[PDB]
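Presented below is the structure to which this report refers.
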Amino acid sequence: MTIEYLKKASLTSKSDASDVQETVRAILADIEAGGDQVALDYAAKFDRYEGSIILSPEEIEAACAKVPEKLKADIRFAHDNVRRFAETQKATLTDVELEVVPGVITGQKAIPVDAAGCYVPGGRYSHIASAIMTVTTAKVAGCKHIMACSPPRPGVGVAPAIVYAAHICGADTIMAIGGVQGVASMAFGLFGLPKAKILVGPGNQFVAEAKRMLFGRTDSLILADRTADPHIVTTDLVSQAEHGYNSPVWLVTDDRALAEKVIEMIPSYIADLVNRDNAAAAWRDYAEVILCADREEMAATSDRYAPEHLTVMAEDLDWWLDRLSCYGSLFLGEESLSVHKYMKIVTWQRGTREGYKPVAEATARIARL
Amino acid sequence: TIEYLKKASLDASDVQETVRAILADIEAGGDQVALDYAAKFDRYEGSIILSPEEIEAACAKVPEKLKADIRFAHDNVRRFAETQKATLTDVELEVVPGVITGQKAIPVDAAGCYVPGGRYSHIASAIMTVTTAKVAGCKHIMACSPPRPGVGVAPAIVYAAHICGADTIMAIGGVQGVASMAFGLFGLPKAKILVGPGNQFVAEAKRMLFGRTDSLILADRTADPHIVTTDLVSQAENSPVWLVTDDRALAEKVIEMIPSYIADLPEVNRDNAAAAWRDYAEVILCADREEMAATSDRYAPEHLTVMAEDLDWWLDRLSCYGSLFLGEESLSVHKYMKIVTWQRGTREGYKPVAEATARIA
Amino acid sequence: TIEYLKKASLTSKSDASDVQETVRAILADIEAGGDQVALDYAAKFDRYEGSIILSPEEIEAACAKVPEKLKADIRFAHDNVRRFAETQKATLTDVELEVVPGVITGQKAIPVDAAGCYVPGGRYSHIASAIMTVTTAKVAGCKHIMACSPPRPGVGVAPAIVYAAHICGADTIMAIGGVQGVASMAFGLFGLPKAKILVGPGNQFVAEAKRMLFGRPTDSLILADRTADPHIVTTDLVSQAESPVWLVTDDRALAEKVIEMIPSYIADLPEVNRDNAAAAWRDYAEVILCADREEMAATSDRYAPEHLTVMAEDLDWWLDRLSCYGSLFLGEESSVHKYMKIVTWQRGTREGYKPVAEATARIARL
Amino acid sequence: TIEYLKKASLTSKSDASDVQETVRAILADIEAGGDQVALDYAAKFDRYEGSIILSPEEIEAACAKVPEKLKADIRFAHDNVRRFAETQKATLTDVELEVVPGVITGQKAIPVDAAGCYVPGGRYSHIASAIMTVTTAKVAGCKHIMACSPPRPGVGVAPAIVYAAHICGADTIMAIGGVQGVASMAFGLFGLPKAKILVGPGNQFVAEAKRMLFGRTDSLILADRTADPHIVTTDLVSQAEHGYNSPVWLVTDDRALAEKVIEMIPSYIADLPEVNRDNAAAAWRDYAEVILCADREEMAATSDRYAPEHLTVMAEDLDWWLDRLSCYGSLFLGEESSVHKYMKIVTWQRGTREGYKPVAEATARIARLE
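Protein chains in written order, with this note's numbering: chain A, 1 to 369; chain B, 1001 to 1361; chain C, 2001 to 2366; chain D, 3001 to 3370.
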């Protein structure tokens, strides 16, 4: 009503926004609409640094050059410890295969995520340790692309020790951007970067908020090629109308005939289930069918979709088990701060019982993971 | 190089990404965008806020067998809730000689109750959430339910919501409905809590808005600007700060004083302090104490210090805070209640046993 | 062939292998021997020759030695802790829920008969401990509170601890420490009741004795008077071999009637069930003959059954009387928290069908 | 005023009041009586007229009565569980870390001396449990594995349980059940080793017996002729400071040192403040022991047998002590400073800080210490 701002905060007011989140959402939405440029605008405004956002190799050399050899020696020693510890941890996450029942093989794998973003608030000693842990653990984890960002100091750039640590510990990209804009830049794959799948590293409450919002918190997908039995594919897609209030489902195939025949068969099958308004509604709100050219196309699609439930009804099940990388529970065949943080745990199973072994069954129940 | 042979209406990659798109769009757009998404997803050609007439007609459509069923479940939930709420009396405790700490349960201004349909589980849910929110004492209860085309909100839901105390019955579902309650669209208050089951979209748009610090000093003409300035300056020990006053004079004197105090610190402290004051602190002028307190509550600060006359009035009136320090000196009703803690006074002597006893809890 | 150039008065080999082993030894000796052996172990370990249970006079004389600055301090802390506790205890009401028409479930918080509070000494933290536990045990509503603290030779219990224990509600103040003290409360020595819960910090021996005696189910009991249908008790009793089971009755006839009926009901079970059931009946089941309803109730309570079924007249009486059990089913048809048993009861059968009321009742718990 | 129309086989009253009471009674009886009292309970409750520890003859005879289908089943279960276990065990290699320059902390998993495995009978789930537990303990590296199952009258242990136990790696198969069987493994009766761990499902009696015996800080200093009497005496006195109820041991092979330490103790109790002086004098009297051994081997053997939570070694040939000592909690070398359930995790460290390096410190601190 009245209120008169005798001061006014240059980033947490009202007449700027009401709440930390109102700001954070506003900013993320702005950056998401705008892209590289709106990110850059926020960076300029908040960080006040007019050097490049992604450090060029020369800048890295110049940064590393400013680090006393004593501090470098220290950093390599801390690095040594962390990476040795992490590779220990990583040995415990070996692939498993268990014939739970004769004829049925269940497995697990630890898969590294594509890209990790590591936020570093600055160049303090605690921050250098932070940067080492995060970049080193993410590297040993096997992430294909690691970004380290730190809010620059004006005219100074990224704290030089942060640059050194990031570099020796395995960071693919070193970024001069902080806070909400920085987090978004990694999250959204701005500036030609890949989309960070995990984002680790301490930060102030704006940074913590965008992160809870962006990375905090059941899809189903069926991969089928021309050999898939159109009856079974349509049956499965229909049974996604039991727990299918929500529950998106995708069909990824390389065969036109199959897909069109399935959209075809839906009216006959939806009809033959209380349920059968549900099912129909679900189908055209959530279900999606995608045509592919070759099998690699299907697999890459599947991966970028990272489905919670994955069924493979195609030839060469061995290939599909080898290739596919992002899923929750994979069923092959119609007849069906620590390294851990940077990894998917994926579970798969193939086959159907080719006999009966009650002792072995019960032993499996008792065992599990 | 991929082809969509069949597409789903609900074009984005992921639920969170989609939810954000809708939320951000609606936040800028207001009622009209909310309605737009209502049109698209809800597929229903009626008003969003049900009129007394619409309520009456819906009420008329529920068999008397079901009405009595709903009234009986309501009776049960109400005596149970009223029982619990009787256990939440203000307590104030002379913890150590001279320092009195207290606790209060205060009901939040507005609750949103989501009701996904008219199956018995949903009707139960609606009674549960709306009855409890009512008993807790929420000043405004919104019940919204996904409307079905031509039919509206399941008439049983209307009956339940209405008898159980809902102030607003809304024919809007999913992200648009959640947004409508959260942001105070259609003249409604901004829902502080949102309860009730929902699809994964409803749950996500809810984690964002309600899932997950700030400090304030309330001062009037009697506050001594030295203590106020020290107290605010020591906020560089990040985290926003407010000074809320009704005294034009006081405000400007403190605003004059800060850099002189910033100079008193060791050099690790001084850069941080200057930046913190620069970036996060804000000073606000109000007409009278009533004004000030209302401002304070709308800010709901984690730390609240009161440097004003008539502390008794301040303790009674102030409602939304984390910890209140008065003076320059120092499924269940619980869900709908914020627990506030206040402290008054300073140590009066030293009592080892009482202190050691306090240490535990 | 190893030589002990110095031995521990306690944790030595040839005196025992392990703390746990020593604790077992003492508890066993005390449990068999009783009062005198407890006393002898007190003599051995505390080395103090005043009364074990302080007389009222000893209490007053102990109180008199507490500087009044400290008395007032203790009184003040006690006031806060009581004022805090009564808040929580007000949160433990009696409930009643019509889960389905005709079937009413309950809960109650019941205070245990006797609670024991250990106090390891007389420092300020120890005093706070005593104030905490004795005060809470009183607010909770335990009929008998025993506080013991290890005596200091010639001195007795720390005067501050006597004052705290007394004003906070302790019914008994005991000058005994360690395993012998814990056992004295646990085993109801010296005319004291058997402590149901034991709270309070202590050395490794005290903690071990508490782990064994008070640390930590699907036992079963049926109360029947002559009205119970013998077929029904027989079925329910065998149904535990599907874990101790008791039939507690006051009508001799029923008991004998059911005993003879048992084997035919064992026979008319599938083939895996029959041997297991026969074994269980002889090995885990008991039939106990009582005088009247009263005796049965007292029996049920002393056994503290997890599952309790009442097949008698005046189900309201049993709901009123029976107060040590887990889950009560009446009829053939069917912080302060530490000091209390939570009992849940139900009566009745469906007398109707209210789908909403039922769904909401489902939520009230789940 | 009660009359017992039917009594349960030692579940009744004036037998006992309680499950816990019965278990304590039976356990106390067995600790006193030994083998013979254990046997008494066995005969009484189990009512089985054969031997307790199966001979190779009885084992092979038992094996012979198992249908070849079930043998195949069990072998398939064993093979799965074994391969899985050895995968997990490969992850448990000894690790060594220079957390700070000059300060080396390590971790290792030690297999326990003896695992006892309870098997309640011969039902399918029970066979899975037996395979599961005995195989896991075998892979873990238990030097001695005891399997016991209650014998059935005239038959003995279910031949199936004997088969699983034997192929899965069991060193001893026991025809004894319930409390008496838990007791027999736990107390090392019948010439058997004392079971350090006890795994396996069982009735209320068995579960309480194993809660009693296995449910839920001691200190030891190993010193040889080279240790500093002042250092030892101060640590032992400072073990009567914040841990004066916690037992303390001095294990040495040099009489001279020990005698000197004992003579120094009271003068050191004298030179500290009086809140301390009574507590310490008491603590030394009540909890401290000084044990003289013939040689260092006797020392390490004592140490392991005592299995101390805190262990400090003030002797020469520190590398040897690190290699030799097996059962401790935290080992401090030098005067300066799933297979899992079947294994002790021991942490050791040697050296002192021995430079600075602020980053390594900060990294070690965030690393949650240890």
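Cβ atoms here follow ideal geometry from the backbone N, Cα and C, with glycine treated the same way.
C-beta neighbour in chain D for residue i, strict 8 Å
| i | result |
| --- | --- |
| residue 81 of chain A | yes |
| residue 2360 of chain C | no |
| residue 2125 of chain C | no |
| residue 74 of chain A | yes |
Candidates the options: closest to residue i by CA position
| i | options | result |
| --- | --- | --- |
| residue 1358 of chain B | C/2317, C/2125 and C/2228 | C/2125 |
| residue 370 of chain A | A/278, A/191, A/202 and A/101 | The requested residue 370 of chain A does not occur in the structure, where chain A is confined to residues 1 to 369. |
| residue 262 of chain A | A/275, A/296, A/37 and A/226 | A/226 |
| residue 3245 of chain D | D/3288, D/3203 and D/3259 | D/3288 |
| residue 2049 of chain C | C/2217, C/2325 and C/2040 | C/2040 |
| residue 2332 of chain C | C/2341, C/2349 and C/2245 | C/2349 |
| residue 1246 of chain B | B/1310, B/1286, B/1108 and B/1225 | B/1286 |
| residue 2119 of chain C | C/2084, C/2177 and C/2074 | C/2177 |
| residue 3370 of chain D | D/3121, D/3346 and D/3029 | D/3346 |
| residue 2110 of chain C | C/2021, C/2231, C/2142 and C/2263 | C/2142 |
| residue 2338 of chain C | C/2241, C/2221 and C/2198 | C/2198 |
| residue 2070 of chain C | B/1354, B/1017 and B/1311 | B/1354 |
| residue 2160 of chain C | C/2104, C/2317 and C/2061 | C/2061 |
Chain-ordered chain B contacts of residue i [CB-CB under 7 Å]
| i | result |
| --- | --- |
| residue 10 of chain A | 1278 and 1279 |
| residue 213 of chain A | 1208 |
| residue 2091 of chain C | 1087 |
Bridge partners - residue i, DSSP secondary structure assignment
| i | result |
| --- | --- |
| residue 3108 of chain D | D/3346 |
| residue 1242 of chain B | B/1216 and B/1282 |
| residue 2003 of chain C | D/3292 |
| residue 2361 of chain C | Beta-bridge pairing links residue 2361 of chain C to no other residue. |
| residue 2187 of chain C | DSSP output for residue 2187 of chain C lists no bridge partner at all. |
| residue 2146 of chain C | C/2116 and C/2172 |
| residue 1148 of chain B | B/1152 |
| residue 331 of chain A | A/311 and A/349 |
Integer Cβ distance of residue i from residue j, believed to fall under 8 Å
| i | j | result |
| --- | --- | --- |
| residue 1143 of chain B | residue 1168 of chain B | 7 Å |
| residue 2138 of chain C | residue 2117 of chain C | Rounded, the Cβ-Cβ distance is 10 Å, inconsistent with contact. |
| residue 3205 of chain D | residue 3066 of chain D | Contact doesn't hold; Cβ gap of about 28 Å is too wide. |
| residue 2265 of chain C | residue 2300 of chain C | 24 Å between Cβ atoms; not a contact. |
Contact list for residue i against chain C, beta-carbon separation under 8 Å
| i | result |
| --- | --- |
| residue 1127 of chain B | 2356 and 2360 |
| residue 1080 of chain B | 2095, 2097 and 2364 |
Where residue i meets chain A, residues with beta-carbon distance less than 9 Å
| i | result |
| --- | --- |
| residue 3098 of chain D | 77, 80 and 81 |
Within chain B, the residues that residue i reaches when beta carbons sit closer than 8 Å
| i | result |
| --- | --- |
| residue 13 of chain A | 1282 |
| residue 2128 of chain C | 1353, 1356, 1357, 1359 and 1360 |
Within chain A, the residues that residue i reaches when beta carbons sit closer than 8 Å
| i | result |
| --- | --- |
| residue 3070 of chain D | 359 |
Proximity test, Cβ basis, 8 Å: residue i and chain B
| i | result |
| --- | --- |
| residue 326 of chain A | no |
| residue 263 of chain A | yes |
| residue 291 of chain A | yes |
Proximity test, Cβ basis, 8 Å: residue i and chain A
| i | result |
| --- | --- |
| residue 1005 of chain B | yes |
Chain D contact residues for residue i, given Cβ-Cβ distances below 9 Å
| i | result |
| --- | --- |
| residue 2230 of chain C | Under the 9 Å cutoff, chain D gives no residues; its nearest Cβ is about 14 Å from residue 2230 of chain C. |
| residue 88 of chain A | 3091, 3093 and 3095 |
Neighbour list for residue i in chain A, Cβ cutoff strictly below 7 Å
| i | result |
| --- | --- |
| residue 1251 of chain B | 6 |
Test: residue i CB closer than 8 Å to a CB of chain C
| i | result |
| --- | --- |
| residue 3324 of chain D | no |
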